[PDB]
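Protein chains in written order, with the deposited numbering: chain B, 3 to 87, 94 to 165; chain A, 3 to 87, 94 to 165.
Cβ coordinates follow ideal geometry from the N, Cα and C atoms, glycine included.
What follows is the structure in structure tokens.
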């Protein structure tokens, strides 16, 4: 409490290998994120001055438009990464190219944890899903314990 | 590309005036350098046969020990210096006694640039920080755009 702590037994995190476009396929249901439903992905880009840049793109429904936000990831520990212009997120598990389970807290509510399951594809093959639950398991979560998110109005962007 | 090129508009570099102990206070976040967190400094020593010797000291966490490496700086241009037993680094900006921003590439990845902000002290006074950003600015970097490094387990060495 008074800080966002989330279990994770991952290590060797390399935000450089996290570069790319990750589609949010499942997520812990929550208020601020309620609208976004037909397109939600984060894009990681490595600039030449070494900065890792991140752009969040989400298709809101109540505005038939897209919310586009950017930030840089200024640091990152063995299994943790921060986002700037502030917030700290735990890398629960990833293979840098198929699935990616990240997790943090929202606002000042360190009490409520949020899990985000992500991928480079726009959906999981029964193979991956297996693993994602293999990983989510230890915390008592499962892929069907959270809200799926579709990625289609994504090209409309 | 196919070689490490990094902008810099510094000149009059004199690795002899760079002698001493420089603590790494901020750095571009990156994998190989992930662990080192509670102590990281480079020490430059001028031997009597003219050789400038450099010793890298870093407190790893995953081994509660210290990695100690040495090398000599066999040459150096107007704003460039090399390290031996190979790698070339650009001296982006320094006053030889308060702040020191150096930069290079890592491994064969000339694509990814890395900046290292250094000092003789173990922290910057609001004065210095100002300058360091004044210098970092032209490349679109800022002191809060990169990962801070603490220097304490340093005396444990």
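Item to check | Buried or exposed (CB count within 10 angstroms, at least 16 for buried), residue 95(A) | outcome: Answer is exposed; the Cβ neighbour count stays below 16.
Item to check | Cβ separation of residue 97(A) and residue 110(A), assumed to be a contact under 8 Å, to the nearest whole Å | outcome: Their Cβ separation, rounded to whole angstroms, is 6 Å, which keeps residue 97(A) and residue 110(A) in contact under 8 Å.
Item to check | Residues that DSSP places opposite residue 29(B) in a beta bridge | outcome: In the DSSP output, where bridge partners are listed per residue, residue 29(B) has 124(B), 155(B).
Checklist entry - Going by other Cβ atoms of all chains shown within 10 Å of its Cβ, with 16 needed for buried, is residue 143(B) buried or exposed? => result Buried, because 16 or more other Cβ atoms sit within 10 Å of the Cβ of residue 143(B).
Item to check | Cutoff 7 Å; reference residue 38(B); Cβ partners in own chain excluding five residues on either side | outcome: If the five residues before and after residue 38(B) are omitted, its C-beta is found closer than 7 Å to the C-beta atoms of 60, 61, 62, all from its own chain and listed in chain order.
Item to check | chain A within 8 Å of residue 40(B), Cβ atoms only | outcome: No, no contact with chain A.
Checklist entry - With a Cβ-Cβ cutoff of 8 Å, do residue 23(A) and residue 99(A) count as a contact? => result Note that the C-beta distance between residue 23(A) and residue 99(A) is not below 8 Å.
Checklist entry - Excluding the five sequence neighbours on either side, which residues of its own chain have a C-beta within less than 7 Å of the C-beta of residue 81(B), listed in chain order? => result Contacts found: 10, 12, 13, 15, 98, 99.
Item to check | chain A contact residues for residue 77(B), given Cβ-Cβ distances below 8 Å | outcome: Close partners of residue 77(B) in chain A (Cβ separation under 8 Å): 31, 154, 155, 156.
Next on the checklist: Less than 8 Å between the C-beta atoms of residue 45(B) and residue 53(B), yes or no?
Outcome noted: Not a contact, by the Cβ cut-off of 8 Å.
Next on the checklist: Any beta carbon from chain B within less than 8 Å of residue 123(A)'s own beta carbon?
Outcome noted: Closer than 8 Å to the CB of residue 123(A) there is at least one CB belonging to chain B.
Checklist entry - Between residue 17(B) and chain A, is there a C-beta pair that is closer than 8 Å? => result Interface residue, yes.
Checklist entry - For residue 153(A), is the classification buried or exposed, using 16 other Cβ atoms within 10 angstroms of its Cβ as the cut-off for buried? => result Classification of residue 153(A): buried, given that the 10 Å Cβ count is 16 or more.
Checklist entry - Closest by CA to residue 83(B), which one among 134(B), 140(B), 121(B), 112(B)? => result Residue 83(B) has its Cα closest to that of 112(B), out of 134(B), 140(B), 121(B), 112(B).
Checklist entry - When DSSP labels each residue in this structure, what does residue 42(A) get in the three-state scheme? => result The three-state secondary structure of residue 42(A), taken from DSSP, is strand.
Checklist entry - Out of 51(A), 25(A), 149(A), which has the shortest C-alpha to C-alpha gap to residue 159(A)? => result The shortest Cα separation from residue 159(A) among 51(A), 25(A), 149(A) belongs to 25(A).
Checklist entry - What residue from 51(A), 42(A), 49(A), 6(A) has the CA that sits closest to residue 70(A)'s CA? => result Residue nearest to residue 70(A) within the set 51(A), 42(A), 49(A), 6(A) is 42(A) (criterion: CA-CA distance).
Checklist entry - Do residue 30(B) and residue 151(B) come within 8 Å of each other at the CB atom, strictly closer than that value? => result Result no, Cβ atoms of residue 151(B) and residue 30(B) do not sit closer than 8 Å.
Checklist entry - Since residue 120(A) meets chain B, which of its residues come closer than 9 Å, beta carbon to beta carbon? => result Those within 9 Å of residue 120(A) in chain B are 18, 48, 50, 52.
Checklist entry - For residue 8(B), does the count of other Cβ atoms within 10 angstroms reach 16, so buried, or fall short, so exposed? => result Classification of residue 8(B): buried, given that the 10 Å Cβ count is 16 or more.
Next on the checklist: Going by DSSP, what residue range makes up the alpha helix (DSSP H) through residue 56(A)?
Outcome noted: Here residue 56(A) belongs to no alpha helix (DSSP H); instead the beta strand (DSSP E) covers 54–61.
Checklist entry - So what does DSSP say about residue 147(A), is it helix, strand or coil? => result In this structure, DSSP gives residue 147(A) a helical state, which the three-state scheme calls helix.
Item to check | Coarse secondary structure for residue 84(A), derived from DSSP in three states | outcome: Reduced to three states, the DSSP call for residue 84(A) is strand.
Checklist entry - Are the beta-carbon atoms of residue 27(B) and residue 119(B) separated by less than 8 Å? => result Here residue 27(B) is not near residue 119(B), since their CB atoms are 8 Å or more apart.
Item to check | residue 117(B) - partner residues in DSSP beta bridges | outcome: Residue 117(B) pairs with 114(B).
Checklist entry - Which residues, in order along the segment 60–85 of chain B, keep a beta-carbon less than 8 Å from a beta-carbon of chain A? => result If the cut-off is 8 Å between Cβ atoms, the segment 60–85 of chain B has 74, 75, 76, 77, 78, 79, 80 near chain A.
Next on the checklist: Residues of chain B with CB closer than 9 Å to the CB of residue 43(A), please, in chain order.
Outcome noted: Identification of chain B residues near residue 43(A) by a Cβ-Cβ cut-off of 9 Å yields none; the smallest Cβ-Cβ distance measures about 19 Å.
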